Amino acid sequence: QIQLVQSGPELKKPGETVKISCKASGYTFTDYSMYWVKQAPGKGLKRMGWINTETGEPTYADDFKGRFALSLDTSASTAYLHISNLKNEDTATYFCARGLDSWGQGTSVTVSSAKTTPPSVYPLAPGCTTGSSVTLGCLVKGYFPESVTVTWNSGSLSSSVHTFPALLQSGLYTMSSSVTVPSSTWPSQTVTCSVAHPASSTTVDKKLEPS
């Protein structure tokens, strides 16, 4: 029905410019102002500004001056957020909103001098005693930017899975993922972790070998 659908996650270097799109459906676009909101770590939700969808006239908040531009393609029911001279402070999730009941899904922007880097994936198998269950895992190391997906046996294993938030070390991300399964499953059968890294268009798979 009524949707705000935003553009995908963005990686830029400091100094650069970024453009986030917000595509509306299911109502007359010019009947609501479009609001833009910044989600920053620990800084809740903040109004950046809004734009009159009929006139194109933008009104920015004080903290969003100079390097911020709100624009429109009314015929395409699309609003745009353009941020220039990107700084580390601009690393955040950006949202479009109209009325009280419509929100975009968020667009995450990373400003960083790091280059895109695929993950190495290493198995965590118990070193050479087994109990009634076995906890296994994968270490996803040395990737950038931060977004990855760790999937166990193609989703067969989802219930006893823990996804550990990534941290920076040596300018690159490390995350890990755990699964616990009965001694009857492994190493009797097979458990494999599958790791995707959208920014590098990569998927990589690792089988948990015993002993």
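Residue numbers here begin at 1 and follow the sequence given.
- Unmodelled residues of the deposited sequence between neighbouring positions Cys128 and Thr129 number 1 to 3.
- Look at the C-alpha B-factors of 180 to 188 and of 40 to 48. On average they run higher in 180 to 188.
- Between the stretches 169 to 177 and 154 to 162, it is 154 to 162 that shows the larger average CA temperature factor.
- Among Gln105, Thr93, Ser133, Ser77, the highest C-alpha B-factor recorded in the PDB entry belongs to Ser133.
- Ranked by C-alpha B-factor against the other modelled residues of its chain, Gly56 falls in the lowest third.
- When the modelled residues of the chain are ordered by C-alpha B-factor, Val18 sits in the middle third.
- Annotation for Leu72: CA B-factor lies in the lowest third of the chain's modelled residues.
- When the modelled residues of the chain are ordered by their C-alpha B factor, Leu81 lands in the lowest third.
- Among all modelled residues in its chain, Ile2 ranks in the middle third by Cα B-factor.
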